[PDB]
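S.K.: Just passing along the structure, written as structure tokens.
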Amino acid sequence: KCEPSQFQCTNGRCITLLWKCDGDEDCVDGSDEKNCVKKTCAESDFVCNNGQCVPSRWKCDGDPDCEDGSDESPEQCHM
Amino acid sequence: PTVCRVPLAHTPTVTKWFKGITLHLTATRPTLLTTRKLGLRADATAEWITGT
Amino acid sequence: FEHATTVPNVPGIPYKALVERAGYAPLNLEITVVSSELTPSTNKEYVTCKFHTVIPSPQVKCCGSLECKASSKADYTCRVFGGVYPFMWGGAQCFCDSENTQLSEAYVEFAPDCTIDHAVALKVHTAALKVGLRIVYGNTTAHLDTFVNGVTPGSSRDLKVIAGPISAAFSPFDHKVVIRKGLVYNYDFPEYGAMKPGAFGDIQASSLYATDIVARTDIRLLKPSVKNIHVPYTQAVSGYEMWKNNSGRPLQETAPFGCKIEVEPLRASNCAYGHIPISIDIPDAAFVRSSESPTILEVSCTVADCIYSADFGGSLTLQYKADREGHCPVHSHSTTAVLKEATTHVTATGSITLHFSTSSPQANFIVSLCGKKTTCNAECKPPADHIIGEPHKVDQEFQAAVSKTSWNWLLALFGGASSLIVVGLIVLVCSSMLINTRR
Ligand SMILES: [Ca+2]
Ligand SMILES: [Ca+2]
């Protein structure tokens, strides 16, 4: 264990709270990001109809990237 | 409650002589030097040190 | 068996002893004080912080009189002022010219940020010592936390150690202690109910959310002068703020005996004072017959080089002749010299180099190699380094702290003086009866 000044990975090694819910994966299994409510997308980040945060460059790149395929739907980017 | 990043001062150089030490301290900003003896009497000191 | 040992209470230097009973091989005892906890019995007096002066909306009676009604709120000041004629944005609020009266109220509260910035005034009674130990006997290592009171049979599994009462009762805390954001101060705070304006504890309460807040902050209510509606007041400065300005330094920095003051609970950890009369109860399975242990037929100790220092600044080689292989304990039967190791490999004939530490300027300690005591004589020079980063392993006696050369010369001078005294005595007694027989 470790002090409340540190957040425990689900591995055994604990990183500080400033590194938790900061948009950066610094847990081996990512248990420091996929628990907090910071679901915001960046200024340049495209948003799927499914809510996933995908880079804007990935949109209509020719290959499906997002779970629902909205990134490559003909409606979302005309072809 | 949260966590703040605070400065770490320059590690002092210790000059050793008979029953005493000399601390050559470098501090660009006011820094706290606290000492105390580990016996029956503390003789604790406190000083805010600026400069070398 | 019971081994009456007196382990010095300093956290980190092992205490090496040797336990024997007739017919059994000696065993090596190593007691290490890993952690210490001095937890005193506390009693929460009250909680104080910066007060928030609450001035309610003024009450005005246009043509009439208002009365002061007693209230339970902290430092409730209440005054009635005649002839006011107050003004708001819109002009006169009353129709009488000089029969108006204003009711000025001002009580005190707890600032919203006091859930973090507040002080707890505690009275601490006598302290208790709880130590974590590292008894290593033979080959097994045990960990246990015991109370140093002399009566509790605190036992991990079977070692059944009893920590006898500490020789010198010590406590970094006086009777009254203030705890603020993890800092502990030794402050003679005012009692619950006797609060002075401008001093620490002018506002008091059992808890931050209690309804029994009491305060004496000297709220003086003044006659309104401006035409606009106003409650004028003057108040003493916050005693909490003044104390925060001139608190002094915490016990975390002014404590004696190198104690670490910590909160939740209030405790002083890793203190180095006094002695612990600890009694051990070794399981009989650890001990072994002398017949099976190796025996030493002849051993002689020769010491190469030694400086008396806080570290292990001594070396020692001894030649033995043992009839059987095995392991054997090594121990120094003196308080001024302590060996680094406790056991060593014994093989037929050979020599072993054991490092030790001494404080006397003469290594005149007696070493044991599974029995068969031997004496070492040396010439211990002062150390080269002035300041070291590790505590002294042995105490400073008086007989050992003076060298044998200095002993020889001091004894020579004193014995010479006594020699003149005794020759004077013998000559006067030899002359007395000679004079008596002369006549
Ligand atoms: Ca992170
Ligand atoms: Ca795509």
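Our numbering is plain: 1 for the first residue shown, then up by one each step along the chain.
Going by what the header records, the deposited coordinates were determined by electron microscopy, 3.0 Å.
Using N, Cα and C of the backbone, Cβ positions are placed for all residues, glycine too.
What Swiss-Prot records for this protein is below:
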type     : residues      : note
DISULFID : C:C49-C:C114  : disulfide bond
DISULFID : C:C62-C:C94   : disulfide bond
DISULFID : C:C63-C:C96   : disulfide bond
DISULFID : C:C68-C:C78   : disulfide bond
DISULFID : C:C259-C:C271 : disulfide bond
DISULFID : C:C301-C:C376 : disulfide bond
DISULFID : C:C306-C:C380 : disulfide bond
DISULFID : C:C328-C:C370 : disulfide bond
CARBOHYD : C:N139        : N-linked glycosylation site
CARBOHYD : C:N245        : N-linked glycosylation site
CARBOHYD : C:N270        : N-linked glycosylation site
REGION   : C:84-101      : region 'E1 fusion peptide loop'
TOPO_DOM : C:430-439     : topological domain 'Cytoplasmic'
TRANSMEM : C:409-429     : transmembrane segment
S.K.: According to DSSP, collapsed to three classes, what secondary structure does C:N245 (N-linked glycosylation site) have?
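M.R.: Assignment for C:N245 (N-linked glycosylation site) reads helix.
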S.K.: Between the Cα atoms of C:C49 (disulfide bond) and C:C259 (disulfide bond), find the distance and write it as a whole number of Å.
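M.R.: If we compare the Cα positions of C:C49 (disulfide bond) and C:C259 (disulfide bond), the gap is 28 Å.
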S.K.: Hey, what's the Cβ neighbour count for C:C376 (disulfide bond) at 10 Å?
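M.R.: If we count other Cβ atoms within 10 Å of C:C376 (disulfide bond), we arrive at 21.
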S.K.: Roughly how many Å separate the Cα of C:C63 (disulfide bond) from that of C:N139 (N-linked glycosylation site), to the nearest whole number?
M.R.: 96
S.K.: Out of C:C96, C:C271, C:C306, C:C328, give those disulfide-bonded residues positioned within 10 angstroms of C:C62 (disulfide bond), comparing C-alpha atoms, in sequence order.
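M.R.: Those near C:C62 (disulfide bond) - Cα within 10 Å - are C:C96, in sequence order.
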S.K.: Within the topological domain 'Cytoplasmic' (C:430-439), how many residues are helix, strand or coil going by DSSP?
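M.R.: Tallied per class, the topological domain 'Cytoplasmic' (C:430-439) gives 9 helix, 0 strand, 1 coil.
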S.K.: Rounded to a whole number, how many Å is the Cα of C:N245 (N-linked glycosylation site) away from the Cα of C:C114 (disulfide bond)?
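M.R.: C:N245 (N-linked glycosylation site) to C:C114 (disulfide bond), Cα-Cα distance: 17 Å.
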S.K.: Looking at the recorded positions C:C68, C:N139, C:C376, C:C380, which has the shortest Cα distance to C:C96 (disulfide bond)?
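M.R.: Out of the listed candidates, the nearest Cα belongs to C:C68.
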